[PDB]
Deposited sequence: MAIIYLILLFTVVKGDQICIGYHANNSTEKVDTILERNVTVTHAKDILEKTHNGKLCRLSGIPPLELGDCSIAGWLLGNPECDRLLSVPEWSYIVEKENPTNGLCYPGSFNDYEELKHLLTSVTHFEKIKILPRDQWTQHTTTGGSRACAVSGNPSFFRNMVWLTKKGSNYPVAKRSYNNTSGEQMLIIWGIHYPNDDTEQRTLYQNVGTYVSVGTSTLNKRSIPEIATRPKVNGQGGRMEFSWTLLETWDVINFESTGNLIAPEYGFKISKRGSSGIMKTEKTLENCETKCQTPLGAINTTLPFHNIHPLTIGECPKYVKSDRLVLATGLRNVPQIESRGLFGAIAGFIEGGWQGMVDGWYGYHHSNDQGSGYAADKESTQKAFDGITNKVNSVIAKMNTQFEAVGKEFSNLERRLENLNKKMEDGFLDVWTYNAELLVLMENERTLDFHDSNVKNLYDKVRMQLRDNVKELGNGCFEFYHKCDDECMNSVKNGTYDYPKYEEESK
């Protein structure tokens, strides 16, 4: 007697198929990554720029609360709190702010350089400050910026700088807006004042916009800041009859590509990732994850799913081809060295001897299937999270519509891929068994009796060397013509 059978174990693993729910399977693999390392990590060897709770404007201008900040020269992304507490301490706005943040998102190379030393505003006053930028407890000011009247005169302030630094240079400036016609005079004397900034491509003329304004940080005046990239060997010319907030410093900058600002309160921790999320770093081969939408790096596709389990083993029983959980009604706890095999009854003994030839063919296939699903995913470097001013709501909605669109596609396709491939994995196993049963049946023929539950009853004594011929497809029909029927 020799039976064909398949593996069963104590697994409680469940998968879903197109056709069935909660099907207990022999072995499985989750292709959805859900674990991170809880650390904020550096990205391919380069750390993030950590802004504490300063805004980028606060940092670049030199808000006094950003004094103890720690400026690395390289950085691969930026960490900023959702709502930083130290930004424009003197109230105001920053032209094209979001475009600026996007520029500084990742950097070569970034170095602050003194370009217009303050002591050389010889004909103007330099120490103007404000209680809004106070340093316990005297009036101070943005440390990287500087001009008010000298006596009762404010000559035309006019300086220029040639970018001899060998790199592209960020440069920021501002114009002040007083509270009312008077206040202006006590600050700049003249009235029809202007601020003029120009380069090879830049040219701009601002005039003070006076208005009555509530007090922010105790002030009613405002400062509006602008910025430019000054190309190498180009010069920038400042000219002002008043209200100019001048830079003392510029910033050498070089860039490879772009990255993103990650909103979080976590802090750099000394590890590596190819993929960062505001919750922690992801290290995975898997094509999908559900940790968090706002990742930076080379990441798996984010998916709304919270389970993507591929079946690798077979239906686990205590079928398209009618064998597994079919005409062979049960699995074997006993066979523990393969997925399909034989169970013999002999004068010598019995009887579990797994079929290595076919079990490998399946291990290979199911291996290759899992790898196809994984190895076909194209994962380039992306940032995801973006920034939009309060008058770019539509644009922000477009971006959201886009991110939601791709989320739905990947979720749907991953969910369906898993369901379909699972149905086909179970059917694969069923077919592997059915064919084993057929390979024996087509080998014995008259020499055995098909019992019904997966077994052949031999019409002759079949010792061990006999089985070792049927198990390996060498059984010879002619050698047996004992007819007990």
{"query": "Stretches of the record's deposited sequence for which the structure holds no C-alpha atoms", "finding": "1 to 16, 163, 336 to 340"}
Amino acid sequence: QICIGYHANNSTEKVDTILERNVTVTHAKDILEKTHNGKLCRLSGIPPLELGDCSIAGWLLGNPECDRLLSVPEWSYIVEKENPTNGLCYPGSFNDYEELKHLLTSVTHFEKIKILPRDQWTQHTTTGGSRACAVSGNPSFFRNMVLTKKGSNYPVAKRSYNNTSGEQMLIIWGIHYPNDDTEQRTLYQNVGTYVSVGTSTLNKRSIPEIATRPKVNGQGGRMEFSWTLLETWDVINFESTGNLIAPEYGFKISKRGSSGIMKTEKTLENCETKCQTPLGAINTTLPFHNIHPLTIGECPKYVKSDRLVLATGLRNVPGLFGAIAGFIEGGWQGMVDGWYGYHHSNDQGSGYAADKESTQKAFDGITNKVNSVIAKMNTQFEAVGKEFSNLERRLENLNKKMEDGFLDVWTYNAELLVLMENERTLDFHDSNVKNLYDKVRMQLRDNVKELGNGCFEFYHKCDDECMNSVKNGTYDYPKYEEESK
From here on, numbers count along this sequence of modelled residues.
| item | value |
| --- | --- |
| 300 to 308 or 174 to 182, whichever carries the higher mean Cα B-factor | 174 to 182 |
| Stretch with the higher entry mean CA B-factor, where the candidates are 325 to 333 and 147 to 155 | 147 to 155 |
| Identity of residue with top Cα B-factor, from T264, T201, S240, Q123 | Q123 |
| Top Cα B factor in the deposited entry, candidates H460, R42, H36, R424 | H460 |
| Chain-wide C-alpha B factor ranking for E65, given as lowest, middle or highest third | lowest |
| Chain thirds of CA B-factor: placement of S389 | lowest |
| Ranked C-alpha temperature factor of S55 among modelled chain residues, by third | lowest |
| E415 CA temperature factor, ranked by third within the chain | lowest |
| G313 CA temperature factor, ranked by third within the chain | middle |
